[PDB]
file data16.txt (compact mmCIF, C-alpha atoms)
# COMPACT_ATOMS: atom_id res chain seq x y z
CA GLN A 21 -33.55 -15.91 -10.48
CA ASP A 22 -36.95 -17.77 -10.57
CA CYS A 23 -39.14 -17.22 -7.48
CA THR A 24 -42.94 -17.82 -7.29
CA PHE A 25 -44.54 -14.93 -5.35
CA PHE A 26 -47.40 -16.15 -3.09
CA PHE A 27 -48.92 -12.63 -2.71
CA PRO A 28 -50.28 -9.89 -5.09
CA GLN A 29 -47.35 -8.11 -6.74
CA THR A 30 -49.06 -5.44 -8.95
CA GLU A 31 -49.20 -1.82 -7.66
CA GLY A 32 -52.78 -0.72 -6.91
CA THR A 33 -54.23 -4.27 -6.80
CA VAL A 34 -57.05 -4.52 -4.25
CA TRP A 35 -58.53 -7.65 -2.64
CA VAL A 36 -61.06 -8.62 0.04
CA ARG A 37 -60.95 -11.63 2.36
CA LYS A 38 -63.93 -12.20 4.66
CA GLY A 39 -63.79 -13.94 8.05
CA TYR A 40 -66.65 -16.24 9.14
CA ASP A 41 -67.54 -18.37 12.19
CA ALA A 42 -68.27 -22.17 12.00
CA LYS A 43 -72.00 -21.51 11.20
CA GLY A 44 -71.08 -19.17 8.32
CA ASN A 45 -71.79 -15.76 9.90
CA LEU A 46 -69.61 -12.82 8.86
CA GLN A 47 -67.21 -11.80 11.62
CA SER A 48 -64.67 -9.56 9.81
CA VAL A 49 -63.92 -7.90 6.45
CA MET A 50 -60.21 -7.75 5.48
CA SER A 51 -59.41 -5.21 2.74
CA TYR A 52 -55.95 -4.98 1.20
CA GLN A 53 -54.07 -3.00 -1.42
CA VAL A 54 -50.54 -3.24 -2.96
CA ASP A 55 -49.02 0.17 -2.12
CA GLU A 56 -45.41 -0.34 -3.42
CA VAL A 57 -43.55 -2.97 -5.54
CA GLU A 58 -39.71 -2.97 -5.81
CA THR A 59 -37.56 -5.26 -7.97
CA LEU A 60 -34.20 -5.81 -6.21
CA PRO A 61 -31.32 -7.98 -7.60
CA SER A 62 -31.92 -10.66 -4.87
CA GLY A 63 -35.70 -10.76 -5.61
CA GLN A 64 -38.93 -8.73 -5.41
CA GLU A 65 -40.29 -6.83 -2.37
CA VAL A 66 -43.99 -5.86 -1.98
CA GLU A 67 -45.61 -3.60 0.65
CA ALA A 68 -49.42 -3.73 1.06
CA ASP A 69 -51.88 -1.80 3.28
CA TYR A 70 -54.68 -3.55 5.14
CA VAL A 71 -57.89 -2.45 6.89
CA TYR A 72 -59.79 -4.93 9.03
CA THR A 73 -63.42 -3.79 9.60
CA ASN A 74 -66.28 -5.55 11.31
CA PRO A 75 -69.55 -6.30 9.36
CA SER A 76 -71.07 -2.82 10.21
CA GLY A 77 -67.95 -1.19 8.68
CA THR A 78 -66.17 0.20 11.80
CA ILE A 79 -62.32 -0.19 11.74
CA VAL A 80 -60.88 -2.82 14.17
CA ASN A 81 -57.28 -2.79 12.85
CA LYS A 82 -55.19 -1.15 10.19
CA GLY A 83 -51.55 -1.53 9.21
CA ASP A 84 -49.17 -2.66 6.47
CA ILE A 85 -47.68 -6.06 5.50
CA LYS A 86 -44.42 -6.86 3.66
CA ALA A 87 -43.78 -9.80 1.30
CA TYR A 88 -40.55 -10.64 -0.49
CA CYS A 89 -38.44 -13.04 -2.60
CA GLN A 90 -34.81 -13.55 -1.57
CA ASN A 91 -32.69 -15.86 -3.64
CA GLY A 92 -35.47 -18.18 -4.81
CA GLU A 93 -37.48 -18.36 -1.53
CA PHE A 94 -40.73 -16.50 -0.73
CA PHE A 95 -41.42 -14.91 2.71
CA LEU A 96 -44.43 -13.15 4.25
CA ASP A 97 -44.99 -11.45 7.67
CA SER A 98 -46.35 -14.18 10.05
CA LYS A 99 -49.25 -11.83 11.17
CA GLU A 100 -51.03 -12.84 7.87
CA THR A 101 -51.43 -16.35 9.49
CA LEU A 102 -53.59 -14.62 12.26
CA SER A 103 -55.97 -12.96 9.68
CA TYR A 104 -58.98 -14.76 11.19
CA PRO A 105 -61.99 -14.01 13.43
CA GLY A 106 -60.50 -15.66 16.61
CA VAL A 107 -57.56 -13.15 16.62
CA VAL A 108 -59.20 -10.14 14.66
CA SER A 109 -62.30 -10.01 17.08
CA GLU A 110 -59.86 -9.61 20.03
CA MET A 111 -58.75 -6.34 18.34
CA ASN A 112 -58.78 -2.56 18.40
CA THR A 113 -56.43 -0.24 16.44
CA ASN A 114 -53.88 -0.12 19.35
CA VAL A 115 -53.36 -3.87 18.94
CA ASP A 116 -50.09 -4.72 17.14
CA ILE A 117 -48.18 -7.96 16.36
CA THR A 118 -44.36 -8.44 16.44
CA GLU A 119 -42.60 -8.80 13.09
CA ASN A 120 -41.58 -12.36 12.12
CA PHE A 121 -41.15 -13.30 8.44
CA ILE A 122 -41.84 -16.95 7.60
CA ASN A 123 -41.29 -18.83 4.31
CA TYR A 124 -44.04 -20.26 2.09
CA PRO A 125 -42.70 -23.24 0.11
CA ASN A 126 -43.55 -23.57 -3.63
CA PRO A 127 -44.90 -27.08 -4.37
CA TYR A 128 -44.96 -26.41 -8.15
CA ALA A 129 -41.16 -25.80 -8.28
CA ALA A 130 -38.78 -28.17 -10.00
CA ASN A 131 -38.21 -31.42 -8.02
CA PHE A 132 -40.14 -30.18 -4.95
CA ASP A 133 -40.09 -32.87 -2.27
CA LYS A 134 -43.38 -33.16 -0.27
CA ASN A 135 -41.50 -35.49 2.20
CA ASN A 136 -38.59 -33.06 2.78
CA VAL A 137 -39.79 -29.53 3.11
CA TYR A 138 -38.50 -26.99 5.68
CA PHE A 139 -40.88 -24.48 7.32
CA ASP A 140 -39.97 -21.50 9.47
CA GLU A 141 -41.71 -21.25 12.84
CA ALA A 142 -43.39 -18.17 14.23
CA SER A 143 -43.71 -17.01 17.82
CA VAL A 144 -45.12 -13.55 17.77
CA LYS A 145 -46.58 -11.32 20.44
CA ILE A 146 -49.95 -9.63 20.08
CA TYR A 147 -50.03 -6.54 22.35
CA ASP A 148 -51.54 -3.08 23.01
CA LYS A 149 -49.19 -0.33 21.57
CA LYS A 150 -50.43 2.04 24.36
CA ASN A 151 -50.15 -0.62 27.19
CA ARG A 152 -47.48 -3.28 26.43
CA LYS A 153 -48.36 -4.99 29.81
CA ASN A 154 -51.47 -6.19 27.92
CA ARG A 155 -50.06 -8.96 25.66
CA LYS A 156 -50.43 -12.57 24.38
CA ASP A 157 -47.91 -15.05 23.02
CA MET A 158 -48.86 -16.98 19.91
CA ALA A 159 -46.71 -19.84 18.68
CA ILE A 160 -47.23 -21.06 15.08
CA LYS A 161 -45.25 -24.31 14.86
CA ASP A 162 -45.15 -27.86 13.32
CA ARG A 163 -46.00 -26.44 9.86
CA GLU A 164 -46.48 -29.19 7.26
CA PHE A 165 -47.38 -29.45 3.56
CA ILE A 166 -50.60 -31.45 2.97
CA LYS A 167 -51.27 -31.36 -0.82
CA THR A 168 -52.02 -29.05 -3.78
CA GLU A 169 -55.64 -28.59 -4.76
CA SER A 170 -57.93 -26.36 -6.80
CA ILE A 171 -60.16 -24.05 -4.72
CA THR A 172 -63.15 -22.06 -5.98
CA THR A 173 -64.23 -18.88 -4.12
CA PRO A 174 -66.39 -15.85 -5.24
CA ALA A 175 -63.02 -14.35 -6.52
CA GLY A 176 -62.48 -17.29 -8.93
CA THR A 177 -60.72 -20.70 -9.11
CA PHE A 178 -57.09 -21.03 -7.93
CA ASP A 179 -54.45 -23.81 -7.81
CA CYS A 180 -53.32 -23.76 -4.19
CA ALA A 181 -50.93 -25.32 -1.75
CA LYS A 182 -52.57 -26.58 1.45
CA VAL A 183 -50.42 -26.27 4.54
CA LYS A 184 -51.26 -27.17 8.18
CA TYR A 185 -49.84 -25.44 11.31
CA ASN A 186 -50.24 -25.91 15.09
CA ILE A 187 -51.00 -22.90 17.31
CA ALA A 188 -50.56 -22.29 21.05
CA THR A 189 -51.79 -19.05 22.75
CA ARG A 190 -50.40 -17.95 26.20
CA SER A 191 -51.54 -14.95 28.25
CA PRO A 192 -50.58 -13.45 31.66
CA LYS A 193 -54.37 -13.39 32.47
CA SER A 194 -55.15 -17.09 31.63
CA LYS A 195 -53.78 -20.02 33.69
CA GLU A 196 -53.70 -22.57 30.78
CA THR A 197 -52.26 -22.58 27.21
CA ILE A 198 -54.97 -22.63 24.48
CA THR A 199 -53.99 -25.00 21.63
CA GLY A 200 -55.43 -25.64 18.19
CA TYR A 201 -54.42 -25.89 14.55
CA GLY A 202 -55.32 -24.57 11.14
CA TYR A 203 -54.99 -24.83 7.38
CA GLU A 204 -54.06 -22.35 4.69
CA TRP A 205 -54.60 -22.42 0.91
CA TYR A 206 -52.29 -20.07 -0.88
CA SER A 207 -51.97 -19.47 -4.62
CA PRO A 208 -49.28 -17.72 -6.77
CA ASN A 209 -49.66 -13.89 -7.15
CA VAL A 210 -52.76 -14.08 -4.85
CA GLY A 211 -51.50 -15.34 -1.47
CA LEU A 212 -54.21 -16.65 0.90
CA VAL A 213 -57.35 -17.97 -0.95
CA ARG A 214 -58.89 -19.95 1.98
CA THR A 215 -57.99 -20.50 5.66
CA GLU A 216 -59.57 -22.80 8.34
CA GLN A 217 -59.07 -22.71 12.13
CA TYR A 218 -59.72 -25.68 14.50
CA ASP A 219 -59.65 -26.23 18.29
CA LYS A 220 -57.74 -29.07 20.12
CA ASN A 221 -60.89 -31.31 19.59
CA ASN A 222 -60.79 -30.87 15.73
CA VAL A 223 -63.89 -28.58 15.77
CA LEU A 224 -63.90 -25.84 13.08
CA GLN A 225 -63.99 -22.49 14.87
CA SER A 226 -63.71 -20.13 11.87
CA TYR A 227 -62.63 -19.82 8.21
CA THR A 228 -61.73 -17.07 5.70
CA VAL A 229 -62.30 -16.82 1.93
CA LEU A 230 -60.98 -14.53 -0.82
CA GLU A 231 -64.11 -12.81 -2.16
CA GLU A 232 -62.72 -10.04 -4.46
CA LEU A 233 -59.49 -9.43 -6.42
CA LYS A 234 -59.06 -6.56 -8.97
call {"tool": "encode", "arguments": {"input": "data16.txt", "output": "structure tokens"}}
result
Amino acid sequence: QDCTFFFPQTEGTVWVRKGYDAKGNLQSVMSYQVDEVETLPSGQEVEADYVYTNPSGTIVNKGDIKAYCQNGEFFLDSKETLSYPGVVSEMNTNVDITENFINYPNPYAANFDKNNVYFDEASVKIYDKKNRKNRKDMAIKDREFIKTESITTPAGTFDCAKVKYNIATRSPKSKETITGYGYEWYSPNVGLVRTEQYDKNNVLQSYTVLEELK
């Protein structure tokens, strides 16, 4: 059963995504590696390790991410959507995010309809593993397909799908809900190529780019 995998699917493949602020200053380095690949009858399952370091090289977060195909549809853990300086800076290694798998539609598929495309929502919780009283709600909603375009990064040139999402961040500490939005460019057998994050006033706050892939 045909299923386009929007994530690396070769064992031992390594890649680097770097997180920058609006001015272009490096905020975070995101290093990944495909640890295990399993072909199931329903589709493929991939488990990758990640290490988020700051520009000096000190570890800010480490964990693993799962990606899979199930009966023609591709899913990825929704924490990959929060792979950006705004979230990653607010982090130490005790910081974890709740599991929520969301679909990534394939715009290259036979008779794909840009006007009728379903997107899963995400409402995760970012918290301290050692002190679960310290948490934040993050709602990724109103996901929409924009277009397909070719993107060039230091890793190469990739045919991507550009998707927009709205975000809302709640916290017991803050009185108000912080809203914004963002874009993602994802390519087959690569996953995220480029991401952009904006505030409620359409001001670019940060962005990420795929710099290496071997």
call {"tool": "atom_distance", "arguments": {"input": "data16.txt", "atom1": "atom CA of residue 103 of chain A", "atom2": "atom CA of residue 219 of chain A"}}
result
16.2 Å
call {"tool": "residues_around", "arguments": {"input": "data16.txt", "residues": "residue 97 of chain A", "least_positions_apart": "6", "cutoff": "7 Å", "atoms": "all atoms listed in the file", "output": "list in words"}}
result
residues 85, 86, 87, 119, 120, 121 and 122 of chain A
call {"tool": "closest_residue", "arguments": {"input": "data16.txt", "among": "A:99, A:150, A:214, A:167", "to": "residue 125 of chain A", "atoms": "all atoms listed in the file"}}
result
A:167
call {"tool": "residues_around", "arguments": {"input": "data16.txt", "residues": "segment 177-179 of chain A", "least_positions_apart": "6", "cutoff": "8 Å", "atoms": "only C-alpha atoms", "output": "PyMOL selection string"}}
result
chain A and resi 168-171+207+213
call {"tool": "closest_atom_pairs", "arguments": {"input": "data16.txt", "of": "segment 83-186 of chain A", "to": "segment 197-204 of chain A", "cutoff": "6 Å", "atoms": "only C-alpha atoms", "output": "Markdown table"}}
result
| residue | atom | partner | partner_atom | distance |
| --- | --- | --- | --- | --- |
| A:182 | CA | A:204 | CA | 5.5 |
| A:183 | CA | A:204 | CA | 5.4 |
| A:184 | CA | A:203 | CA | 4.5 |
| A:185 | CA | A:202 | CA | 5.6 |
| A:186 | CA | A:201 | CA | 4.2 |
call {"tool": "write_last_selection", "arguments": {"input": "data16.txt", "atoms": "C-alpha atoms", "output": "PDB file, in the coordinates of the input"}}
result
ATOM      1  CA  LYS A 182     -52.570 -26.580   1.450  1.00  0.00           C
ATOM      2  CA  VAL A 183     -50.420 -26.270   4.540  1.00  0.00           C
ATOM      3  CA  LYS A 184     -51.260 -27.170   8.180  1.00  0.00           C
ATOM      4  CA  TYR A 185     -49.840 -25.440  11.310  1.00  0.00           C
ATOM      5  CA  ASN A 186     -50.240 -25.910  15.090  1.00  0.00           C
TER       6      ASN A 186
END
call {"tool": "closest_residue", "arguments": {"input": "data16.txt", "among": "A:93, A:157, A:116, A:216", "to": "residue 21 of chain A", "atoms": "all atoms listed in the file"}}
result
A:93
call {"tool": "atom_distance", "arguments": {"input": "data16.txt", "atom1": "atom CA of residue 55 of chain A", "atom2": "atom CA of residue 102 of chain A"}}
result
21.1 Å
call {"tool": "atom_distance", "arguments": {"input": "data16.txt", "atom1": "atom CA of residue 142 of chain A", "atom2": "atom CA of residue 46 of chain A"}}
result
27.3 Å
call {"tool": "closest_residue", "arguments": {"input": "data16.txt", "among": "A:132, A:206, A:70, A:94", "to": "residue 228 of chain A", "atoms": "only C-alpha atoms"}}
result
A:206
call {"tool": "axis_aligned_box", "arguments": {"input": "data16.txt", "around": "segment 165-169 of chain A", "padding_each_side": "6 Å", "output": "AutoDock Vina command-line options"}}
result
--center_x -51.5 --center_y -30.0 --center_z -0.6 --size_x 20.3 --size_y 14.9 --size_z 20.3
call {"tool": "closest_residue", "arguments": {"input": "data16.txt", "among": "A:192, A:77, A:127, A:32", "to": "residue 205 of chain A", "atoms": "all atoms listed in the file"}}
result
A:127
call {"tool": "residues_near_point", "arguments": {"input": "data16.txt", "point": "(-53.3, -5.9, -2.9)", "cutoff": "8 Å", "atoms": "only C-alpha atoms", "output": "short mmCIF file (atom, residue, chain, number, x, y, z; two decimals) with C-alpha atoms, keeping the file's coordinate frame"}}
result
data_model
loop_
_atom_site.label_atom_id
_atom_site.label_comp_id
_atom_site.auth_asym_id
_atom_site.auth_seq_id
_atom_site.Cartn_x
_atom_site.Cartn_y
_atom_site.Cartn_z
CA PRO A 28 -50.28 -9.89 -5.09
CA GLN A 29 -47.35 -8.11 -6.74
CA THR A 30 -49.06 -5.44 -8.95
CA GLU A 31 -49.20 -1.82 -7.66
CA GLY A 32 -52.78 -0.72 -6.91
CA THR A 33 -54.23 -4.27 -6.80
CA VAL A 34 -57.05 -4.52 -4.25
CA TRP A 35 -58.53 -7.65 -2.64
CA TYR A 52 -55.95 -4.98 1.20
CA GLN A 53 -54.07 -3.00 -1.42
CA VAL A 54 -50.54 -3.24 -2.96
CA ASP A 55 -49.02 0.17 -2.12
CA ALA A 68 -49.42 -3.73 1.06
CA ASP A 69 -51.88 -1.80 3.28
CA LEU A 233 -59.49 -9.43 -6.42
#
call {"tool": "residues_around", "arguments": {"input": "data16.txt", "residues": "residue 173 of chain A", "least_positions_apart": "2", "cutoff": "7 Å", "atoms": "all atoms listed in the file", "output": "list in words"}}
result
residues 171, 175, 176, 177, 229, 230 and 231 of chain A
call {"tool": "residues_around", "arguments": {"input": "data16.txt", "residues": "residue 143 of chain A", "least_positions_apart": "2", "cutoff": "8 Å", "atoms": "only C-alpha atoms", "output": "ChimeraX atom specification"}}
result
/A:120,141,145,157-160
call {"tool": "closest_residue", "arguments": {"input": "data16.txt", "among": "A:196, A:25, A:41, A:62", "to": "residue 218 of chain A", "atoms": "only C-alpha atoms"}}
result
A:41
call {"tool": "residues_near_point", "arguments": {"input": "data16.txt", "point": "(-54.0, -11.3, 33.5)", "cutoff": "12 Å", "atoms": "all atoms listed in the file", "output": "ChimeraX atom specification"}}
result
/A:153-156,190-196
call {"tool": "closest_residue", "arguments": {"input": "data16.txt", "among": "A:109, A:222, A:91, A:64", "to": "residue 48 of chain A", "atoms": "only C-alpha atoms"}}
result
A:109
